[PDB]
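Data block below; observations after.
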Ligand code: HEM
Ligand code: HEM
Ligand SMILES: Cc1cc(N)nc2ccccc12
Ligand SMILES: Cc1cc(N)nc2ccccc12
Ligand SMILES: [Cl-]
Ligand SMILES: [Cl-]
């Protein structure tokens, strides 16, 4: 019966993929080969072309992503050959280096062996490959609160953070057959970080804020034609509001707006002064400025929405249904200044796609 | 069969209303009276207490409204007695005066006779009782584009606007039995307007922006216990972003952001400068300042969201289900700085409520 589901997903994916690739005449025999492989083995193996286009389709179908215009240029690295924890570690180090690309960020996904019978071959514990630790005890909060549970799990396993506000968490993953994950410290030479300065407020550097260059989301599952790649980290470049309006601003994250207000010289006493909004704008201007000055790729939300409008236009031209989640596509700064706010989107889920999975810690 | 629907809606409303009013022991006989009235006449007439609490419940159930904390203090004016166009006009003038209250705005609804057999007794054409005209011809746009279709209908009927950017539209409504609506110019003494100035940027007044004090929405239908009050204008005070982030900012409205940027002394050339966001913040600060300086009620979005959190808390305490439309409840400026952004809401429709109806023009 799982075989049935697999076969059905296979037919739908192969037909669609090969049609997009101009390969429709090859579908019948490919499906023939797949049906026979499923019978014999219980699964099937994607060709490199299928795997690459499948990862691209999955990005294209990511309803919550404003950056999808560039779906067809995703760099897909096939690591279905890895078998040891050293190979996984080195593949993850390599992903960081090649995605970072000296600041000219390349959207990249590295795909590890898929689940066999729901059995994971490799399980990555990190939420992103580069992320800051968080701590809380005796009233004192340090670092990124969103990382508290993973930080605690790492310290259970013998890692120890320096307890700065920006400790890099180690890579942490578990191999099939092992009871516990292993962890590895990130080599600092691989990780670009950007200090946050403001284009004309010199005191802004007094906040000593920084953020890392590349968001490499490492805990979602890529599903393609019924095959479940639970370990498949992928990255883009940031949209500036992710850092300036959320990671550094949210009260349950770094909670910096009152400090921002103070350094930009405005009172934070009266809601009617809109000091939180003003602080948000200056913090978000600083974030874009800083990434730009350092030569690290980033996009602002206006430009990102303009690209997304082109994505919508391209879908229509290609004759493809567009899907989207309006509640995630609008930016958290001036959303009504974007065309996204003023239209609606069909939030239907289409596969291939990326999916949430349960955290093995917590 | 319409009688059936009416009766069913009646039972549900009367039971709920009387339970909230501590009057549960009176339901059985009231329902008895109503059932007999529906049989004889095809309809039923609300008591003044039912009508008032029904209008309040309808506000309470307005999923898209952030201002609902104050639902129970709505001022309900019962004008089911009007029969002539002069009485309607004078009732609308009176609503403006009493709602405005010299700037200390009173949330008010005036309820006119309901539809009889789907037959409207009074049909108000205005979108709001106070609203600016809009014009477009030979490439030239003047006033509020959102008012273009109603403005054209009024000028078909012999009204003529001065073609400033802020012409007040006349009241315009139609009485049962008349083929055409009538219109009446608004007495300027009844209409408070606020010039927009900025707390510390003196040049802001060069934009010569203003807005009217009181939003009095006049084209929705109030439904209570199966009775359809299609003519029932109601108002609150503004949340500042309605004016500063939408009415004065949207490209399809007054489209003022480039002008705002220029007067606040920033370039409007590069998306990465976030000049639209900065302009939005300063325009929204100016709007709040100006209403406050003039003694006209207004609320900022942070304070409004804080009140709405209390509304949520009160619903839970009362044991009432909360409903909401997240896509309208978030403010269009810094939405993630409000608790609304970080939770979800059940968008179910509960009656009594306010509903859209077709425009008799266009
Ligand atoms: C190239 C630059 C990229 C930009 C600027 C971008 C931008 C974003 C933004 C702003 C979000 C919303 C996150 C939030 O508001 O919390 C998001 C979500 C997402 N993006 Fe993209 N993205 C890019 C590339 C990618 C790539 C390469 C993939 C996959 C191959 C991807 C898959 C997704 C997914 C799956 C989500 C939703 C995550 C969730 O549900 O939690 N994105 N993106
Ligand atoms: C007392 C101050 C009030 C404030 C500050 C307030 C605030 C707002 C805001 C900001 C919206 C969203 C409009 C938009 O984003 O386009 C709204 C929608 C709404 N409000 Fe309120 N409101 C108030 C009073 C009232 C009253 C007294 C009623 C009815 C008795 C009411 C019924 C509604 C309805 C029905 C909507 C949705 C309109 C639609 O679907 O187009 N509000 N309110
Ligand atoms: C791949 C990616 C890029 C980005 N700028 N933001 C993301 C947020 C969530 C998941 C993936 C994301
Ligand atoms: C009654 C009311 C008040 C307000 N500030 N805004 C509204 C927007 C739409 C409908 C009614 C509204
Ligand atoms: Cl992030
Ligand atoms: Cl309005």
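Basis: the model, the stated rules and, where named, an outside source; no laboratory read-out is quoted. Positions of Cβ are generated from backbone atoms using ideal geometry, with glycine treated the same way; all protein chains shown enter the neighbour counts.
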Review point. Yes or no: residue B:66 outside any helix (DSSP H, G or I), within 16 Å of ligand 4 (Cβ to nearest atom) and farther than 29 Å from residue B:326 by Cα?
Key: no
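Of the residues A:203, A:152, which single one is in contact with a helix residue (DSSP H, G or I) (Cβ under 6 Å, 6 or more places away or on another chain) and at negative phi?
Working: A:152 fails: in contact with a helix residue (DSSP H, G or I) (Cβ under 6 Å, 6 or more places away or on another chain).
None of the other options fit; the residue is A:203.
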Practice item. Could you figure out which of (1) away from chain B (no Cβ under 14 Å); (2) in contact with a helix residue (DSSP H, G or I) (Cβ under 7 Å, 6 or more places away or on another chain); (3) not in a loop (DSSP other than H, G, I, E, B) isn't true of residue A:361? Key: (3)
Point to revise | One residue from A:276, A:256 being outside the structural domain of residue A:75 (by CATH), more than 16 Å from ligand 4 (Cβ to nearest atom) and in contact (Cβ under 8 Å) with a residue 40 or more places away in the chain | key: A:256
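With respect to residue B:268, is the statement that it is crowded, with 21+ Cβ neighbours inside 10 Å and either more than 9 Å from chain A (Cβ to nearest Cβ) or assigned to a loop (DSSP other than H, G, I, E, B) (or both) true?
Working: crowded, with 21+ Cβ neighbours inside 10 Å: no; either more than 9 Å from chain A (Cβ to nearest Cβ) or assigned to a loop (DSSP other than H, G, I, E, B) (or both): yes.
Taking the combined requirement at face value, the residue does not satisfy it.
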Check your understanding: Can you name every residue in the stretch B:112-128 that is farther than 16 Å from residue B:361 by Cα and either under 20 Å from the mean Cα position of the chain (by Cα) or within 16 Å of ligand 3 (Cβ to nearest atom) (or both)?
Key -> B:112, B:113, B:114
Check your understanding: Of the conditions (1) surrounded by fewer than 18 Cβ atoms within 10 Å (Cβ to Cβ); (2) away from chain B (no Cβ under 11 Å); (3) over 22 Å from residue B:252 (Cβ atoms), residue A:297 fails just one. Which one is it?
Key -> (1)
Study note, to complete from the structure: residue A:332 meets each of (1) in a helix (DSSP H, G or I); (2) within 9 Å of another protein chain (Cβ to nearest Cβ) with one exception, condition (1)
Exercise for review: Go through the residues of the stretch A:304-319 one by one and say whether even a single one is more than 9 Å from every other protein chain (Cβ to nearest Cβ), away from ligand 1 (no atom under 11 Å from the Cβ) and assigned to a loop (DSSP other than H, G, I, E, B).
Suggested key: yes
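Regarding residue A:259, is this residue away from ligand 5 (no atom under 16 Å from the Cβ) and more than 9 Å from every other protein chain (Cβ to nearest Cβ)?
Values: away from ligand 5 (no atom under 16 Å from the Cβ): yes; more than 9 Å from every other protein chain (Cβ to nearest Cβ): yes.
Answer is yes for this residue.
Given the structure, is residue B:68 away from every other protein chain (no Cβ under 14 Å), more than 16 Å from ligand 1 (Cβ to nearest atom), touching a strand residue (DSSP E or B) at 6+ places or on another chain (Cβ under 6 Å) and touching a residue at least 12 places away in the same chain (Cβ under 8 Å)?
no
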Revision key, fill the gap. Note on residue B:61: of the conditions (1) more than 25 Å from residue B:318 (Cα to Cα); (2) in contact (Cβ under 8 Å) with a residue 12 or more places away in the chain, unmet is (1)
Study note, to complete from the structure: Counting only residues that are within 11 Å of ligand 5 (Cβ to nearest atom), touching a strand residue (DSSP E or B) at 6+ places or on another chain (Cβ under 6 Å) and within 15 Å of residue A:288 (Cβ to Cβ), the stretch A:212-251 contains a total of 3
Exercise for review: Please enumerate the residues belonging to the stretch B:207-254 that are within 16 Å of ligand 6 (Cβ to nearest atom), assigned to a strand (DSSP E or B) and either away from chain A (no Cβ under 14 Å) or over 17 Å from the mean Cα position of the chain (by Cα) (or both).
Suggested key: B:210, B:211, B:212, B:216, B:217, B:234, B:235
Check your understanding: Considering only the stretch B:320-329, how many residues are more than 9 Å from chain A (Cβ to nearest Cβ), surrounded by fewer than 17 Cβ atoms within 10 Å (Cβ to Cβ) and assigned to a helix (DSSP H, G or I)?
Key -> 1
Check your understanding: Of the residues that sit in the stretch B:78-102 and are more than 27 Å from residue B:300 (Cα to Cα) and surrounded by 18 or more Cβ atoms within 10 Å (Cβ to Cβ), which one is farthest from ligand 1 (Cβ to nearest atom)?
Key -> B:82
